[PDB]
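Working notes for the structure below.
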Amino acid sequence: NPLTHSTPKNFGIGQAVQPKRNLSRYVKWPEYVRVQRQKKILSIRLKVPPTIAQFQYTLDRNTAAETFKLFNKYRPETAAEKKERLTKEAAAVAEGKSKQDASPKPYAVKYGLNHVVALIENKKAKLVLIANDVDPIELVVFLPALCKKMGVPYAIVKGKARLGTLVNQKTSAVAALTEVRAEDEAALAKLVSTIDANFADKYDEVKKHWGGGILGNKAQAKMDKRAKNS
Amino acid sequence: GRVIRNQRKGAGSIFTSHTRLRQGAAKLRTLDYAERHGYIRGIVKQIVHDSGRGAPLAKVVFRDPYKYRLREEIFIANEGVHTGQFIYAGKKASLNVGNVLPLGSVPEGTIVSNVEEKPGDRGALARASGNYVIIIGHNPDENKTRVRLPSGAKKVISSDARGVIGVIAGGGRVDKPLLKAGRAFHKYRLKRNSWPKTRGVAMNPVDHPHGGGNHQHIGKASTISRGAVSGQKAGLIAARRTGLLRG
Amino acid sequence: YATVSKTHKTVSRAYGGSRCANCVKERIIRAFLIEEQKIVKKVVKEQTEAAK
RNA sequence: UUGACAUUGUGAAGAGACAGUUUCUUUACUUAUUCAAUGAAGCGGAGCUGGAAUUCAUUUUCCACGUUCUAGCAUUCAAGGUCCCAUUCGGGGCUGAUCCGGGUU
RNA sequence: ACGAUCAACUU
RNA sequence: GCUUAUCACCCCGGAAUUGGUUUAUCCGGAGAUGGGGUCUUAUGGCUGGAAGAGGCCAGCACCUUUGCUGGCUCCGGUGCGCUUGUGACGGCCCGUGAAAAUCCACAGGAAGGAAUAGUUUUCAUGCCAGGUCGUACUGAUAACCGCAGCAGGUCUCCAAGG
RNA sequence: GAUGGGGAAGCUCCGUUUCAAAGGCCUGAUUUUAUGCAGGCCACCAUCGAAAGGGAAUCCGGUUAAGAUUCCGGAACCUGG
Ligand SMILES: [Mg+2]
Ligand SMILES: [Mg+2]
Ligand SMILES: [Mg+2]
Ligand SMILES: [Mg+2]
Ligand SMILES: [Mg+2]
Ligand SMILES: [Mg+2]
Ligand SMILES: [Mg+2]
Ligand SMILES: [Mg+2]
Ligand SMILES: [Mg+2]
C-alpha cells in the first residue's frame, strides 16, 4: 500500500512517551498479599529446625496419586447413604434382629486429629497420611515422631484440602487406614513399602538436618559473584 | 519561674514560618530511570522571586516520560541561568551551568549547588544565595566523593547524589547594611516571628536566666554545657572558646 | 465568555485565541527549521558511521 | 548521658587460654529492627549489538546501550511486518519493544 | 510676515 | 444597535547632516521618522428604552371615584477646581505585595455527517421554571456596651458656597 | 477537623494523604426497566472556614401610617431545561 508508512517510534530516554508495559513486578499489592508472600520468604530465609522442614519433603506425584487412588476406595459414607442405611437398620430392628448388625461392617478412612493420634497410640493404624500445610504446625509436627515410635508407616502428603475432599470435609489435616479389604491388602503392603522408603527409613537422618538458610535471587547472585573472586 | 522565649518557640504557635507567598518547596526532580541512566532536557520558563528566600527560583518544565503531560519543577536558580535555557539532568548530562549531574560524573574542582546528602533526597546542601559545594575528590572503590561545604566542613557523599553545576544566584546580598529597623522588619515578616529581640539581661529573673540584678549583667558564666536542660540553654552553648578571634 | 459566540473569542488562525500571531509565526519557523536540521543531523550521522 | 539484660538471628575468621567449655579480636550475611522515596516504571542476572582481542571464537575481558546550535511538536492498546477469522466503518495473536527471577527502590 | 477671534489666573 | 482609544500589532520603506519623542529620556537595521491599515470598547457620542415618565408653570372644577385641559421642558462655555474611576508611565524593596471554585480558548483528531427536511448549528426568534432563609427601625450626648435616657467607648460610604 | 492508622487505663490525643484493596466519566441500551460483558480516566482523598476576599444575572418611574433594586407599571438580563 502506497498510503501506509513506517512510523517507528523511538522509545529511548528523552523521546516518545513510553508504551504501556507489564508492571506486574512493581505492583503495590494490598497488605494481606504482601504479608502472605513475605511470611513464606521469612520462613525460608531463617534456619528451619529439623522438626519443621521434615515437612516440605512430601510424597512425590506418582506415589501420592496411587495412594489417593487406594484411599478413595474407603470413603466414609455421606449423609445421603447414612440416611438410607439407618432406614435399613430400622427395618432390620423391626423384623430381622440377627443381633443388631444386619448392616455389614464398614471399611472407611479414619480422620480427625485426636482420633488418629489415639489409633496410632493403640497401634491400630496401618497407614497414616499427614497434611504438609497445617497452620499452626504444632498440631501435626509431633506426628512423624509418634508414628516412628509406634512403628506405624506415615507419609507427609501435599494438601489438607485434598485430605478433606477425601473424607468429605473442607480440610482434614490427617487421614489413616486401619483396615482394608482382602483384595486391597497387597496394594496396601506395596504402598507401605514405598512410603517407608521415603519417610520412616530416612527419619533419623532427616531429624538431624536443618532447613532454610536460603537466600533471595539478588543476594544469591551477589554471593556467587563474590565467591567467583574470593 | 516562667517558661522562657526559646522554650516557647518549640510549641510553634506564633513562631511558625510565614509561607503564604512562597512558590513551593525548591527541590530537584524525583530521581527516576531517565536521570539514572541517561539525561532528560527541561526548559527554563521563569526566574521568579521567592518570599523569604534570598536566592531566586528557576521554574523548569520537563516532559513526563510515562504519560503525555508536562511536569513543573522548582529549582533554585544558579548564576547565569536564563529563561528559555535548556537544562540537562541525568548521569550523561553535560558539564554546564544549570545542569544536574551525579557527583561521580564531575571532575575534582567542580563547583556545584543544591547538592543531595543522599541520592534521591532532591537537594540539601549549598542552597542559600551565593553558596556552593566544591568537589574535591573521588573514591570509586567505595562509590564515594569528598566535598567541601559552605561552612568549610569536609564531607563524604554517595557518588550517586546529584548536584547542579554552578553557584546559587543572589550572592553578595548580605554585603549591604540594612541601615534601619524597618528593613529588618520587612525581612522577617516574610520569614517568621523572631524579630525584634529582647536581651535576657533586660528582663526580670522570672523571664530569663540573665534577668534581674541591680545592674544589667549576666552574673554567671554564659558558656552553657551540652548537658544543660531546656530553660538553661541561654547564652553560648557548648562554646569551645569565646572572645574575639586573634586578639 | 459563555454567553458570546465563538467569533468574539478567537481569531481565524492556528492557535487563534491563545497565541499572539508573532509567537505562532515563530512556532512555525522553529518547527520547520528544527525538523530540517534533524534530517541533516541523521544524514550526517549516517555518513560518519560509514567511516569504518 | 553511660553500662547491663531483653529485642537478637546467621557466617567466618581466628587472641587464644587448651570431648569440650569460656571471654576476646576483626570483618562478613540478611530476614528482625531502623531511615527515605515513588502513581511502588524499568531492579538483579544473562544475552544481543559496537569498538581494544595481541583469546584458544573458549567472555580467565572491561566500557557503551536511539535524545546535546534553536523558549516548536511529541497522547488515541503504534505505524509497519507477519500470521488466524466467513472481516463492514473489521476483530484477535506475535513482533515492533531480547530472555529469566515476581525482592518496588 | 502678521491679522482676526476665544480664554484663565499667576507674577 | 451603530460609532468611538491610549497601548499593541500589520503592510510599504530603508534611516548620520541621526531622527522621533514624554512634565518625567526613552525608542529605532532585532527596521526609526513617514504613508496607509488592524485590534481591545475603559470611556464618550447618536439612536432605541423615552416622554408616554419625571420636572416647572398657566387656565377652569373641586372632598360628586376626585380632577380635567394646555404649554415649556432648549442651546452653550470654562478649569493646576473638588470627589471618584481609569490609562500609559515612573520611584521603591535583603518587602516584589493570596488561594480555590468557576468560565473560555487553543492543540489533538476519536467518532459522526451529503440532496423536494441528508448531519450540525457557540446565528436569530420562539416555549417553561427559578426553591429556602434574611429584608421593619436605631446605629447612638436616649434604640449597642459601660448597673442608666451615663459629657466615656464603638468599623465604614456620600460631602454645597465664601 | 473526621476517616485509614498509630498512642493513651481512659476522658480522648496525633495526623490531613498519611505504611489503606479508599472512586466515577463517556459509549454501546431491546427505552414493558433498568442493566449485561466492553477498554481506559486521574490518582486529585471527607468536611468545615469570609453577610468587607472570589462570585451568573435589574433598571427606571410610581406606590404605604409603617415595605420595597423585593410591591405595581414598563423595560431588561442570567441559569437550568
Ligand atoms: Mg536586643
Ligand atoms: Mg527591667
Ligand atoms: Mg545560671
Ligand atoms: Mg426592606
Ligand atoms: Mg431598610
Ligand atoms: Mg434602617
Ligand atoms: Mg463553605
Ligand atoms: Mg424605609
Ligand atoms: Mg416590576
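FYI, nothing fancy with the C-alpha cells labels: chains A, B, ... in order, residues from 1 per chain, ligands from 1 as they appear.
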Review point. Which chains and residue numbers are within 9 Å of ligand 6, counting only C-alpha atoms (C1' of nucleotides) and all ligand atoms, if I want them as JSON, numbers by chain?
Key: {"F": [136, 137, 138, 139]}
If you keep N, CA and C atoms (P, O5', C5', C4', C3', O3' and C1' of nucleotides), can you produce a file of those selected residues as a PDB file, in the first residue's frame?
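See selection_4.pdb below for the written result:
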```pdb
ATOM      1  P     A F 136     -35.253  46.068  56.749  1.00  0.00           P
ATOM      2  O5'   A F 136     -36.699  46.046  57.413  1.00  0.00           O
ATOM      3  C5'   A F 136     -37.837  46.547  56.729  1.00  0.00           C
ATOM      4  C4'   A F 136     -38.780  47.231  57.683  1.00  0.00           C
ATOM      5  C3'   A F 136     -38.173  48.373  58.482  1.00  0.00           C
ATOM      6  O3'   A F 136     -38.166  49.597  57.776  1.00  0.00           O
ATOM      7  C1'   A F 136     -39.282  46.912  59.952  1.00  0.00           C
ATOM      8  P     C F 137     -36.798  50.403  57.573  1.00  0.00           P
ATOM      9  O5'   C F 137     -36.462  51.007  59.004  1.00  0.00           O
ATOM     10  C5'   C F 137     -37.386  51.827  59.696  1.00  0.00           C
ATOM     11  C4'   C F 137     -37.017  51.956  61.150  1.00  0.00           C
ATOM     12  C3'   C F 137     -35.586  52.376  61.441  1.00  0.00           C
ATOM     13  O3'   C F 137     -35.393  53.776  61.348  1.00  0.00           O
ATOM     14  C1'   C F 137     -36.156  50.534  62.798  1.00  0.00           C
ATOM     15  P     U F 138     -33.942  54.374  61.028  1.00  0.00           P
ATOM     16  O5'   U F 138     -33.162  54.287  62.414  1.00  0.00           O
ATOM     17  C5'   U F 138     -33.624  54.981  63.562  1.00  0.00           C
ATOM     18  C4'   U F 138     -32.827  54.620  64.790  1.00  0.00           C
ATOM     19  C3'   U F 138     -31.321  54.777  64.678  1.00  0.00           C
ATOM     20  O3'   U F 138     -30.895  56.105  64.896  1.00  0.00           O
ATOM     21  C1'   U F 138     -31.832  52.688  65.658  1.00  0.00           C
ATOM     22  P     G F 139     -29.844  56.782  63.896  1.00  0.00           P
ATOM     23  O5'   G F 139     -28.500  55.978  64.157  1.00  0.00           O
ATOM     24  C5'   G F 139     -27.912  55.937  65.446  1.00  0.00           C
ATOM     25  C4'   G F 139     -26.936  54.795  65.560  1.00  0.00           C
ATOM     26  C3'   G F 139     -25.833  54.763  64.514  1.00  0.00           C
ATOM     27  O3'   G F 139     -24.745  55.613  64.834  1.00  0.00           O
ATOM     28  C1'   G F 139     -26.821  52.616  64.694  1.00  0.00           C
TER      29        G F 139
END
```
Review point. Running DSSP on the backbone, which parts of segment 31-144 of chain A land in strand (DSSP E or B), as a PyMOL selection string?
Key: chain A and resi 47-48+110-111+127-131
Give me the residues within 12 Å of residue 228 of chain B as a PDB file with N, CA, C and O atoms (P, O5', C5', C4', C3', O3' and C1' of nucleotides), in the first residue's frame, counting only C-alpha atoms (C1' of nucleotides) and dropping any in the same chain fewer than 5 places off.
```
ATOM      1  N   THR B 223      28.744  30.598  79.147  1.00  0.00           N
ATOM      2  CA  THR B 223      29.024  29.361  78.430  1.00  0.00           C
ATOM      3  C   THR B 223      28.251  28.241  79.112  1.00  0.00           C
ATOM      4  O   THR B 223      28.529  27.892  80.261  1.00  0.00           O
ATOM      5  N   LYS B 233      19.590  26.630  78.556  1.00  0.00           N
ATOM      6  CA  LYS B 233      20.430  26.886  77.388  1.00  0.00           C
ATOM      7  C   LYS B 233      20.121  28.275  76.837  1.00  0.00           C
ATOM      8  O   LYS B 233      19.440  28.453  75.826  1.00  0.00           O
ATOM      9  N   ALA B 234      20.636  29.281  77.534  1.00  0.00           N
ATOM     10  CA  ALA B 234      20.607  30.662  77.074  1.00  0.00           C
ATOM     11  C   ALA B 234      22.019  31.207  77.182  1.00  0.00           C
ATOM     12  O   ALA B 234      22.601  31.214  78.272  1.00  0.00           O
ATOM     13  N   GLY B 235      22.573  31.647  76.060  1.00  0.00           N
ATOM     14  CA  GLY B 235      23.947  32.095  76.035  1.00  0.00           C
ATOM     15  C   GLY B 235      24.762  31.391  74.973  1.00  0.00           C
ATOM     16  O   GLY B 235      24.278  31.167  73.862  1.00  0.00           O
ATOM     17  N   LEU B 236      25.992  31.017  75.307  1.00  0.00           N
ATOM     18  CA  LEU B 236      26.910  30.390  74.360  1.00  0.00           C
ATOM     19  C   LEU B 236      26.977  28.900  74.680  1.00  0.00           C
ATOM     20  O   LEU B 236      27.708  28.474  75.577  1.00  0.00           O
ATOM     21  N   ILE B 237      26.222  28.110  73.924  1.00  0.00           N
ATOM     22  CA  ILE B 237      26.014  26.698  74.228  1.00  0.00           C
ATOM     23  C   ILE B 237      27.229  25.901  73.774  1.00  0.00           C
ATOM     24  O   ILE B 237      27.613  25.955  72.602  1.00  0.00           O
ATOM     25  N   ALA B 238      27.833  25.159  74.707  1.00  0.00           N
ATOM     26  CA  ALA B 238      28.942  24.248  74.414  1.00  0.00           C
ATOM     27  C   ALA B 238      30.096  24.959  73.712  1.00  0.00           C
ATOM     28  O   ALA B 238      30.720  24.414  72.803  1.00  0.00           O
TER      29      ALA B 238
ATOM     30  P     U D   1      20.858  11.245  75.076  1.00  0.00           P
ATOM     31  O5'   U D   1      22.202  10.838  75.824  1.00  0.00           O
ATOM     32  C5'   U D   1      23.374  11.630  75.716  1.00  0.00           C
ATOM     33  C4'   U D   1      24.347  11.312  76.820  1.00  0.00           C
ATOM     34  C3'   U D   1      24.756   9.851  76.932  1.00  0.00           C
ATOM     35  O3'   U D   1      25.806   9.508  76.045  1.00  0.00           O
ATOM     36  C1'   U D   1      24.157  10.675  79.067  1.00  0.00           C
TER      37        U D   1
END
```
Practice item. Quick one: everything within 8 Å of residue 31 of chain D, counting only C-alpha atoms (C1' of nucleotides), minus sequence neighbours fewer than 2 positions away in the same chain. Send it as a ChimeraX atom specification. Key: /A:41-42,45-46
Review point. Chain A residues within 9 Å of chain G, counting only C-alpha atoms (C1' of nucleotides): which ones, as a ChimeraX atom specification?
Key: /A:29-31
Practice item. Could you tell me, counting only C-alpha atoms (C1' of nucleotides) and all ligand atoms, which protein and nucleic acid residues lie no more than 9 Å from ligand 4, written as a ChimeraX atom specification? Key: /F:135-136 /G:67-68,70
Practice item. Please extract the residues at most 12 Å from ligand 7, counting only C-alpha atoms (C1' of nucleotides) and all ligand atoms, and provide them as a count of residues only, using the chain letters and residue numbers of this document. Key: 6
Within 8 Å of ligand 1, which residues of chain B come that close, and what is the closest atom pair and distance in Å for each? Count only C-alpha atoms and all ligand atoms and give it as JSON lines.
```
{"residue": "B:196", "atom": "CA", "partner": "ligand 1", "partner_atom_place_in_ligand_line": "1 (Mg)", "distance": 7.1}
{"residue": "B:197", "atom": "CA", "partner": "ligand 1", "partner_atom_place_in_ligand_line": "1 (Mg)", "distance": 4.7}
{"residue": "B:198", "atom": "CA", "partner": "ligand 1", "partner_atom_place_in_ligand_line": "1 (Mg)", "distance": 4.3}
{"residue": "B:199", "atom": "CA", "partner": "ligand 1", "partner_atom_place_in_ligand_line": "1 (Mg)", "distance": 4.5}
```
Would you export the selected residues with N, CA, C and O atoms as an mmCIF file, in the first residue's frame, please?
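The new file again19.cif reads:
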```
data_model
loop_
_atom_site.group_PDB
_atom_site.id
_atom_site.type_symbol
_atom_site.label_atom_id
_atom_site.label_comp_id
_atom_site.auth_asym_id
_atom_site.auth_seq_id
_atom_site.Cartn_x
_atom_site.Cartn_y
_atom_site.Cartn_z
ATOM 1 N N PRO B 196 11.597 41.887 66.760
ATOM 2 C CA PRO B 196 12.895 42.213 67.365
ATOM 3 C C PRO B 196 13.266 41.260 68.494
ATOM 4 O O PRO B 196 12.488 40.391 68.860
ATOM 5 N N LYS B 197 14.449 41.418 69.073
ATOM 6 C CA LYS B 197 14.936 40.542 70.126
ATOM 7 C C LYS B 197 15.163 41.349 71.393
ATOM 8 O O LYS B 197 15.882 42.349 71.372
ATOM 9 N N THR B 198 14.547 40.915 72.487
ATOM 10 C CA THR B 198 14.809 41.480 73.803
ATOM 11 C C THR B 198 15.993 40.758 74.430
ATOM 12 O O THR B 198 16.074 39.528 74.376
ATOM 13 N N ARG B 199 16.913 41.524 75.011
ATOM 14 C CA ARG B 199 18.051 40.932 75.702
ATOM 15 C C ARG B 199 17.618 40.314 77.026
ATOM 16 O O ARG B 199 16.823 40.895 77.767
#
```
**Study point:** Shell of 12 Å around segment 52-58 of chain G, only C-alpha atoms (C1' of nucleotides), local chain residues under 3 positions omitted, as a ChimeraX atom specification
**Key:** /C:1-3 /F:98-103,130,155-156 /G:69-70,75-80
Review point. Which of these, A:97, A:40, A:25, A:226, has the shortest distance to chain D once you count only C-alpha atoms (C1' of nucleotides)?
Key: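 Result for the nearest residue to chain D: A:25.
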Please provide the set of residues having any atom within 12 Å of residue 149 of chain A, restricted to only C-alpha atoms (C1' of nucleotides), with same-chain residues fewer than 3 positions apart removed, written as a compact mmCIF listing (two decimals) with C-alpha atoms, in the first residue's frame.
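Result saved to result.txt:
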```
# COMPACT_ATOMS: atom_id res chain seq x y z
CA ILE A 120 -1.50 -44.55 66.41
CA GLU A 121 -1.03 -44.90 70.17
CA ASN A 122 -3.10 -48.11 70.13
CA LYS A 123 -1.14 -49.28 67.04
CA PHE A 142 4.94 -34.37 66.55
CA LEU A 143 3.12 -36.88 64.33
CA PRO A 144 6.11 -38.25 62.34
CA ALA A 145 7.99 -38.89 65.59
CA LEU A 146 4.94 -40.52 67.17
CA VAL A 152 3.26 -47.02 62.03
CA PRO A 153 4.06 -46.12 58.40
CA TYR A 154 3.40 -42.44 57.71
CA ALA A 200 10.26 -43.82 58.05
CA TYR A 203 13.63 -40.36 59.60
CA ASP A 204 16.79 -40.50 61.72
```
Please report as a PDB file with N, CA, C and O atoms (P, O5', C5', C4', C3', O3' and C1' of nucleotides), in the first residue's frame which residues of chain D come no farther than 7 Å from chain B, using only C-alpha atoms (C1' of nucleotides).
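Ended up saving to iface.pdb:
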```
ATOM      1  P     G D  42      11.898   2.442  38.390  1.00  0.00           P
ATOM      2  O5'   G D  42      12.913   1.419  37.715  1.00  0.00           O
ATOM      3  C5'   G D  42      12.627   0.031  37.703  1.00  0.00           C
ATOM      4  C4'   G D  42      12.817  -0.575  36.334  1.00  0.00           C
ATOM      5  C3'   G D  42      14.082  -0.196  35.589  1.00  0.00           C
ATOM      6  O3'   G D  42      15.218  -0.902  36.052  1.00  0.00           O
ATOM      7  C1'   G D  42      12.235  -0.136  34.112  1.00  0.00           C
ATOM      8  P     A D  71      15.792  29.470  21.832  1.00  0.00           P
ATOM      9  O5'   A D  71      14.451  28.954  22.517  1.00  0.00           O
ATOM     10  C5'   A D  71      14.337  27.629  23.024  1.00  0.00           C
ATOM     11  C4'   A D  71      13.018  27.411  23.718  1.00  0.00           C
ATOM     12  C3'   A D  71      11.784  27.571  22.835  1.00  0.00           C
ATOM     13  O3'   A D  71      10.750  26.714  23.313  1.00  0.00           O
ATOM     14  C1'   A D  71      11.717  29.163  24.569  1.00  0.00           C
ATOM     15  P     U D  75       2.527  11.625  19.900  1.00  0.00           P
ATOM     16  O5'   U D  75       1.607  11.440  21.182  1.00  0.00           O
ATOM     17  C5'   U D  75       1.954  10.528  22.210  1.00  0.00           C
ATOM     18  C4'   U D  75       0.762  10.225  23.076  1.00  0.00           C
ATOM     19  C3'   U D  75      -0.457   9.688  22.346  1.00  0.00           C
ATOM     20  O3'   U D  75      -0.381   8.285  22.166  1.00  0.00           O
ATOM     21  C1'   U D  75      -1.097  11.421  23.842  1.00  0.00           C
TER      22        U D  75
END
```
Practice item. May I have the residues within 9 Å of ligand 9, computed using only C-alpha atoms (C1' of nucleotides) and all ligand atoms, as a VMD selection string? Key: chain G and resid 71 to 74
Point to revise | Site check for ligand 2: residues at most 10 Å away, only C-alpha atoms (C1' of nucleotides) and all ligand atoms, as an MDAnalysis selection string | key: chainID B and resid 200:205 211:216
Restricted to C-alpha atoms, what would the selected residues look like written as a short mmCIF file (atom, residue, chain, number, x, y, z; two decimals), in the first residue's frame?
```
data_model
loop_
_atom_site.label_atom_id
_atom_site.label_comp_id
_atom_site.auth_asym_id
_atom_site.auth_seq_id
_atom_site.Cartn_x
_atom_site.Cartn_y
_atom_site.Cartn_z
CA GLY B 200 17.83 38.46 78.57
CA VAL B 201 19.67 40.88 80.87
CA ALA B 202 16.90 43.44 80.24
CA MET B 203 14.29 41.05 81.70
CA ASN B 204 13.36 40.00 85.21
CA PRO B 205 14.68 36.75 86.73
CA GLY B 211 17.17 38.56 84.31
CA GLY B 212 17.35 40.69 87.40
CA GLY B 213 20.03 42.39 89.42
CA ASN B 214 20.59 45.98 90.44
CA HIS B 215 22.74 46.32 87.32
CA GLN B 216 22.31 44.68 83.94
#
```
Review point. Could you pull the residues within 12 Å of residue 9 of chain F, counting only C-alpha atoms (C1' of nucleotides), minus those fewer than 5 positions along the same chain, as a list in words?
Key: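 Within the cut-off, the hits are residues 20, 21 and 22 of chain C; 37, 38, 39 and 40 of chain F.
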Writing out the chosen residues with N, CA and C atoms (P, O5', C5', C4', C3', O3' and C1' of nucleotides) as a PDB file, in the first residue's frame:
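To be explicit, this is the file written out as selection_39.pdb:
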```
ATOM      1  N   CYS C  20      -0.302  34.892  19.931  1.00  0.00           N
ATOM      2  CA  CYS C  20      -0.365  36.291  19.518  1.00  0.00           C
ATOM      3  C   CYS C  20       0.032  36.555  18.067  1.00  0.00           C
ATOM      4  N   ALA C  21       0.147  35.523  17.232  1.00  0.00           N
ATOM      5  CA  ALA C  21       0.391  35.642  15.792  1.00  0.00           C
ATOM      6  C   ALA C  21       1.809  36.054  15.426  1.00  0.00           C
ATOM      7  N   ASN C  22       2.593  36.504  16.394  1.00  0.00           N
ATOM      8  CA  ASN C  22       4.034  36.537  16.219  1.00  0.00           C
ATOM      9  C   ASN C  22       4.683  35.328  16.852  1.00  0.00           C
TER      10      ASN C  22
ATOM     11  P     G F  37      -6.205  54.346   5.326  1.00  0.00           P
ATOM     12  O5'   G F  37      -6.218  52.760   5.434  1.00  0.00           O
ATOM     13  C5'   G F  37      -6.672  52.103   6.606  1.00  0.00           C
ATOM     14  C4'   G F  37      -6.043  50.742   6.737  1.00  0.00           C
ATOM     15  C3'   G F  37      -6.495  49.908   7.921  1.00  0.00           C
ATOM     16  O3'   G F  37      -7.716  49.234   7.677  1.00  0.00           O
ATOM     17  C1'   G F  37      -4.140  49.878   7.792  1.00  0.00           C
ATOM     18  P     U F  38      -8.820  49.103   8.834  1.00  0.00           P
ATOM     19  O5'   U F  38      -8.226  48.000   9.813  1.00  0.00           O
ATOM     20  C5'   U F  38      -7.984  46.678   9.362  1.00  0.00           C
ATOM     21  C4'   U F  38      -7.397  45.826  10.458  1.00  0.00           C
ATOM     22  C3'   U F  38      -8.073  45.915  11.813  1.00  0.00           C
ATOM     23  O3'   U F  38      -9.263  45.157  11.904  1.00  0.00           O
ATOM     24  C1'   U F  38      -5.746  46.055  12.100  1.00  0.00           C
ATOM     25  P     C F  39     -10.453  45.649  12.858  1.00  0.00           P
ATOM     26  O5'   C F  39      -9.944  45.319  14.328  1.00  0.00           O
ATOM     27  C5'   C F  39      -9.568  44.003  14.701  1.00  0.00           C
ATOM     28  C4'   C F  39      -8.885  43.989  16.042  1.00  0.00           C
ATOM     29  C3'   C F  39      -9.656  44.636  17.180  1.00  0.00           C
ATOM     30  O3'   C F  39     -10.620  43.764  17.744  1.00  0.00           O
ATOM     31  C1'   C F  39      -7.426  45.423  17.191  1.00  0.00           C
ATOM     32  P     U F  40     -11.911  44.355  18.486  1.00  0.00           P
ATOM     33  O5'   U F  40     -11.427  44.574  19.984  1.00  0.00           O
ATOM     34  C5'   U F  40     -11.059  43.475  20.801  1.00  0.00           C
ATOM     35  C4'   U F  40     -10.516  43.938  22.127  1.00  0.00           C
ATOM     36  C3'   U F  40     -11.397  44.902  22.903  1.00  0.00           C
ATOM     37  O3'   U F  40     -12.390  44.225  23.649  1.00  0.00           O
ATOM     38  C1'   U F  40      -9.144  45.664  22.907  1.00  0.00           C
TER      39        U F  40
END
```
Cut-off 9 Å, only C-alpha atoms (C1' of nucleotides) and all ligand atoms, neighbours of ligand 3 as a short mmCIF file (atom, residue, chain, number, x, y, z; two decimals) with N, CA and C atoms, in the first residue's frame:
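So part.cif came out as:
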```cif
data_model
loop_
_atom_site.label_atom_id
_atom_site.label_comp_id
_atom_site.auth_asym_id
_atom_site.auth_seq_id
_atom_site.Cartn_x
_atom_site.Cartn_y
_atom_site.Cartn_z
N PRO B 209 17.29 33.42 82.59
CA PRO B 209 18.43 33.24 83.49
C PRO B 209 19.25 34.50 83.67
N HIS B 210 19.28 35.37 82.66
CA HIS B 210 20.02 36.61 82.73
C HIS B 210 19.24 37.74 83.38
N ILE B 218 25.13 39.46 83.43
CA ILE B 218 24.74 38.06 83.38
C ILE B 218 24.94 37.40 84.74
N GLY B 219 26.04 37.73 85.43
CA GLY B 219 26.24 37.31 86.80
C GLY B 219 26.81 35.93 86.98
N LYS B 220 26.79 35.10 85.94
CA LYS B 220 27.39 33.79 85.97
C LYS B 220 27.82 33.49 84.54
N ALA B 221 28.71 32.51 84.38
CA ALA B 221 29.29 32.25 83.07
C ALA B 221 28.20 31.98 82.04
N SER B 222 28.30 32.65 80.89
CA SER B 222 27.33 32.49 79.82
C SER B 222 27.64 31.30 78.92
N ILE B 224 27.27 27.69 78.41
CA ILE B 224 26.38 26.67 78.93
C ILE B 224 26.77 25.33 78.33
N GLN B 232 17.68 26.30 80.55
CA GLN B 232 19.04 26.63 80.94
C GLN B 232 19.91 27.08 79.77
N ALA B 234 20.64 29.28 77.53
CA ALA B 234 20.61 30.66 77.07
C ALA B 234 22.02 31.21 77.18
#
```
Point to revise | Separation of atom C1' of residue 89 of chain F from atom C1' of residue 44 of chain F, in Å and rounded to one decimal | key: 23.5 Å
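Backbone DSSP over chain C gives alpha helix (DSSP H) for residues 23, 24, 25, 26, 27, 28, 29, 30, 31, 32, 33, 34, 35, 36, 37, 38, 39, 40, 41, 42, 43, 44, 45, 46, 47 and 48 of chain C.
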Check your understanding: What residues in chain F lie within 8 Å of chain C, counting only C-alpha atoms (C1' of nucleotides), written as an MDAnalysis selection string?
Key -> chainID F and resid 103:107 122
Point to revise | atom CA of residue 213 of chain A to atom CA of residue 201 of chain A, distance in Å rounded to a single decimal | key: 25.3 Å
